[PDB]
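A structural walkthrough
Next come the chains, spelled out residue by residue.
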Amino acid sequence: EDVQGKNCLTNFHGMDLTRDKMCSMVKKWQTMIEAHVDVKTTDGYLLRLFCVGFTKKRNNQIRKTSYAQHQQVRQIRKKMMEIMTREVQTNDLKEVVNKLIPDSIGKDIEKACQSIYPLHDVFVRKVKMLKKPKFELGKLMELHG
Amino acid sequence: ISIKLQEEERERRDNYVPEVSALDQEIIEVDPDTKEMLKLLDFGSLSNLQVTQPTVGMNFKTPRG
Amino acid sequence: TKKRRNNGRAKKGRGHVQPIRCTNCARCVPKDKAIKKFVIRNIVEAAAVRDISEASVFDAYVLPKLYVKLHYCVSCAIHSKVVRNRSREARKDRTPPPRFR
Amino acid sequence: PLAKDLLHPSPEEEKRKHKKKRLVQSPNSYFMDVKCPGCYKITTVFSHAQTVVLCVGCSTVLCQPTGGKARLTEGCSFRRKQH
Amino acid sequence: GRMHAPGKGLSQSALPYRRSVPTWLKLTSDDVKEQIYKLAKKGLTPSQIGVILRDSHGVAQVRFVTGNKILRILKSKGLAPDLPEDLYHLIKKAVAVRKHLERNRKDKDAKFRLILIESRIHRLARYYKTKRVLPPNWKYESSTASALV
RNA sequence: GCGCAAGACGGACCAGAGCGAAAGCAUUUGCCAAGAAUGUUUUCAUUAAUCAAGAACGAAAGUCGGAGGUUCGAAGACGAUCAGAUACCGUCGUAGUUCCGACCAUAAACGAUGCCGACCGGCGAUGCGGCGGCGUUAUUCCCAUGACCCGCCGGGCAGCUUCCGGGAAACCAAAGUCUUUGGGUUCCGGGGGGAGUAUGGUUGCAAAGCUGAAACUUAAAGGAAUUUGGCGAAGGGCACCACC
RNA sequence: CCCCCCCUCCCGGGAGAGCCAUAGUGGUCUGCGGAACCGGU
RNA sequence: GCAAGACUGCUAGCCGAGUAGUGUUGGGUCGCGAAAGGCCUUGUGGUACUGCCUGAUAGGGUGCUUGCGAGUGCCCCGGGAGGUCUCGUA
Ligand SMILES: [Zn+2]
């Protein structure tokens, strides 16, 4: 966003996952649940968060498929949408980026979905920055210590 | 080959029997289901038999799919 | 005469399946009839593995794996020696090929 | 198999079969006598009520409509009445 | 199986063998008929009257507490509906389908279902005509929907 | 590498799994209408099965009138392979591929098997609804519910085995209960060409669609399965007249 | 003499929501009987 | 009112105390949890472990050792000694 001299300053712009990890996560005999939410933070940083989830097999399960009902999938997607939209509008980007360093949102979604169908991993596989507010210098120089 | 001597040493081993019965053991491990089955044929309790705890855990038939 | 109990596919109560494209060829074939091959492969096999391993910036690193799925038409699947003809009674065996390597 | 006794089947066999495949058609449903510790008047309900019921005396909702039986409200005692 | 759909099913009632009122039912015939009259005045149909009586009042079915069926009792008192309940339901369903079809002209499946429903209506109306319950000049017409609500 | 615009499209998840009369159907959400199955001690009481006339839907290609034309690509233009290619191949490439209407009503539209109903073996799985029962999990207690497991019931796409039975056989729980031949009802086949041709009718702007012969000609044309025949098919064995 | 280490073996002790016998203890379930019954508030 | 059996949770002094607080999806009489201080008889014995994280020594994740498969071993502090821990091989 700005360079002072012989030293350039940056800002958060997005986050992605390794393509190999995403390829290895999508396997057979499990249902993938997708959800994109267009939710803005306290300031005008609009993000389109995506989500990926899978079902697995219990330790005593014999059924190889382990699928889910369509209504259960819809309920899970609604839960994920609500969880992500709840933890965005209440806080600024500066520390929700820190929140994004661990899978705290993913862990919250995983814990919230134990009642519908037990999912194992919740990942925000992509975050885009759709709109940004008017360029500011004070926030930038506060960001870099 | 149809041998009639049948490996003399192993034939003797076949002839050898132990002094113990190897079956008339003093302790019998049986589930309550077998005890209930026995209780309703002709006889009831025994003095050389005891019920064991129910071995039903989760299930048999390990996951194959 | 009829060769297989099925029609060389898995469509039993549908009547139509999505058409896909072959990988080796460009032929358009039904999904359930087209032989699907899934392969797990690394970036380097046995030659550049050392060169990446000992000559690297970071230590204790696991090499990435390239993931891709293959669709083969019958002619392309046989010409590439993926499947081969079997006996009349040997075609009824649906067990997957043994995998130990 | 070849020599069964279809005239006198065991009760287990008869209860295994469908209600309309038995030797004589007999429903497997029954009536109930539901009551709660709150109110002190007793009503009569059907097992597959399929209709929301209010206790006579406006106490609380008793039964719940489902696919099969009725989800009895928690804290209620019922007995199988028969003749 | 089903008359129109190619599906086969087996799910309906199964009346018990013993044709006698249970002893635990203290309700007489007169009060049951009074409840039937009250429910009819409330604005229900014999389809739900039996349901309400077998759920709340605990009576198995009318045909044992009294001799006449529900529709028979309603005809006897005189407040029975002039049109059969099933024909009314079929006509209402046909009107609903046609109202859905007026705006969306590309829904071919709705057209097929409407054709099937009109066929069912014609087949039931023929039986009503031959069993002497509707006038011989009664005809089901596409536009006549407002009067037959 | 960063942004913009346009069109098509819905990968992996995707299965001998689901729905629909068939053709056919996949990004999230919102609205409208419909349906099979399971549950029922609700309702009417023969309202039932198949169908000449007639009627709706009907893949892509096909035509007419508008809007758009990203990509693929009949016709056409070009270059090499070739003895000869206006074929295989490669680069451009109009009509079409997209949507809104107006038409045709055609397939290997195949399960090459019409529908309804009864009966005659077994064995595990899967999807729906209902029902009974130990035990784990949404952390440790109490209940309802999801998820897991052990069974049962009804309908549905299918799977495995067999001297039920049948067929010429391939094979079939139906392609069975058929000379010991009769459950009900529609369409349709009479050796192979000529020939789905000419003609007459009929529908369509057209392309073409439905009905549809005769004259002449032949003793064969065809269905299933074995041993050698050959493969520009696969997989094995041997040989210093093969190699290292 | 090297190292910093890291690992393994033979002993002592600390922590835990393990199990088993004994105390502080709290509830769930089962057997018998109410001199004999039919209605009205 | 007689009346003995079958089982269960917590404390390993008792009291305050299942008080605050945490807490879960729908609820409930609820899971989780030491005390400040006091009154005193002044606080039961045998028994093995323990890779990292999350939320018990439960449950769910996920490893290290030699390419690979099975072992031994992997909480902390205090003593001693030693230095390629055992069997098979895409
Ligand atoms: Zn190909």
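Described below are features of the structure shown in this document. (Residues numbered from 1 in each chain as written, not as in the entry; some residues may be left out. Chains lettered and ligands numbered in written order. Part of a larger assembly, values for the part shown. Heavy atoms only, no water.)

**Regarding the overall build of chain B**
On a plain count of helices and strands, chain B comes out with two helices and two strands. The linear arrangement of helices and strands in chain B, starting from the amino end, is α-β-α-β. Over its C-alpha trace chain B gives a radius of gyration of 21 Å, far above what one expects of a compact globule, namely 11 Å for 65 residues. When its C-alpha atoms are laid out on the principal axes, chain B stretches across 50 × 45 × 20 Å. Buried positions account for 8% of the 65 residues belonging to chain B. With the model as given, the accessible surface of chain B reaches about 6500 Å², and the carbon-plus-sulfur share is 54%. If you average the places of the 8 positive and of the 13 negative side-chain charges in chain B, the two averages end up 8 Å apart. (Helix = DSSP H or I, 4+ residues; strand = E, 2+ residues; numbered from the N terminus. Rg over C-alpha atoms; globule rule 2.2 N^0.38 Å. Buried < 20%, exposed > 50% of the residue type's maximum accessible area, 1.4 Å probe, protein only. Areas by Shrake-Rupley, 256 points an atom, 1.4 Å probe, with all protein chains shown as cover. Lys, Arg positive; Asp, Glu negative; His and termini not counted. Charge placed at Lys NZ, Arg CZ, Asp CG, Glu CD.)

**Observations concerning the protein's contact with RNA strand F**
Residues in close proximity to RNA strand F total 98 residues, the closest being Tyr67 and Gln69 of chain A, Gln50 of chain D together with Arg2 and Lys69 of chain E. Interatomic distance of 2.7 Å between a side-chain N/O atom of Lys19 of chain D and a phosphate oxygen of RNA strand F. Take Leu10 of chain E: an N or O atom from its main chain is 2.6 Å from a phosphate oxygen of RNA strand F. Only α2 (70-86) of chain A together with α2 (46-57), α4 (70-77), α5 (85-103) and α6 (108-130) of chain E provide two or more residues apiece to the surface near RNA strand F. Broken down by class, the residue content of the surface near RNA strand F amounts to 28 nonpolar, 34 polar and 36 charged. (Near = heavy atom within 4 Å. Polar contact = N/O pair within 3.5 Å; in protein donor to acceptor, adjacent residues only side chain to side chain. Nonpolar A, V, L, I, M, F, W, Y, C, P; charged D, E, K, R; others polar.)

**Details of empty space enclosed by the protein**
All names here are of chain A. In the structure shown here, the tally under the stated rule is two cavities of 30 Å³ or more. A volume near 60 Å³ is recorded for the largest cavity. Forming the walls of the largest cavity are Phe12, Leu47, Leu49, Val88, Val96, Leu100 and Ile105. For the lining of the largest cavity, the elements supplying multiple residues, two or more each, are β5 (46-55) and α3 (93-100). Of the residues belonging to the lining of the largest cavity, the class tally is seven nonpolar, no polar and no charged. There is about 40 Å³ of room inside the second largest cavity. Classifying every residue of the lining of the second largest cavity gives five nonpolar, two polar and two charged. (1 Å grid on protein atoms, 1.4 Å probe; cavity = no way out; pocket = protein on both sides within 12 Å on 5 of 7 lines; lining within 4 Å. Points joined across faces, edges and corners; volume = space filled by probe spheres on them.)

**Some words on the coordination of the zinc ion**
All names here are of chain C. Bound to the zinc ion are the protein donor atoms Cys22 (SG), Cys25 (SG), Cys73 (SG) and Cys76 (SG), situated 2.2 to 2.3 Å from the metal. Classification of the site at the zinc ion rests on its four donor atoms, whose angles at the metal span 40 to 137°, yielding the label irregular. Written as a sequence motif, the donor arrangement for the zinc ion is C-x2-C-x47-C-x2-C. Looking at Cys25, the relative accessible area reads 28%, which means it is partly exposed. (Donors = N, O, S within 2.8 Å, 3.2 Å for Na, K, Ca; no water. Tetrahedral: all angles 85-135°; square planar, octahedral: opposite > 155°, others 65-115°.)

**Here we look at a positive patch on the surface**
A grouping of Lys28 and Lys64 of chain A together with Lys31, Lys36 and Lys69 of chain C is seen on the molecular surface, where their side chains present a positively charged patch. By the secondary structure assignment, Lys64 of chain A is in the loop between β5 and α2. Taking the relative accessible area as the measure of exposure, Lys64 of chain A reaches 39% and is therefore partly exposed. (Patch = residues over 30% accessible without salt bridge, like charges linked within 9 Å, V, L, I, M, F, W, Y side chains within 5 Å. Salt bridge = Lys/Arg side-chain N within 4 Å of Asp/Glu carboxyl O.)

**Concerning unusual backbone geometry**
Across the chain, the bulk of peptide bonds are trans and the bulk of non-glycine residues have phi less than zero. Residues and elements named next belong to chain B. Residue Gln6 is not a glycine yet carries a positive backbone phi of 60°. One can find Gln6 in the segment before α1 (8-15). Taking relative accessible area as the criterion, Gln6 reaches 40% and is therefore assigned partly exposed. Here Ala22, not a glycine, exhibits a phi torsion of approximately 65°, which is positive. Considering the arrangement of structural elements, one finds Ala22 in the loop between α1 and β1 (29-30).

**Structural notes on the layout of surface pockets**
When its volume is computed, the largest pocket comes out at roughly 3300 Å³. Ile35, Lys36, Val83, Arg94 and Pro97 of chain C are, among the 49 residues lining the largest pocket, the residues nearest its centre. It is strand β3 (residues 35-42) of chain C that contributes the most residues to the lining of the largest pocket, six residues altogether. A class-by-class count of the residues in the lining of the largest pocket yields 19 nonpolar, seven polar and 23 charged. Here the second largest pocket is characterised by a volume of approximately 1800 Å³. Contributing to the lining of the second largest pocket are 49 residues, with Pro27, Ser29 and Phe31 of chain D together with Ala14 and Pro16 of chain E lying nearest its centre.

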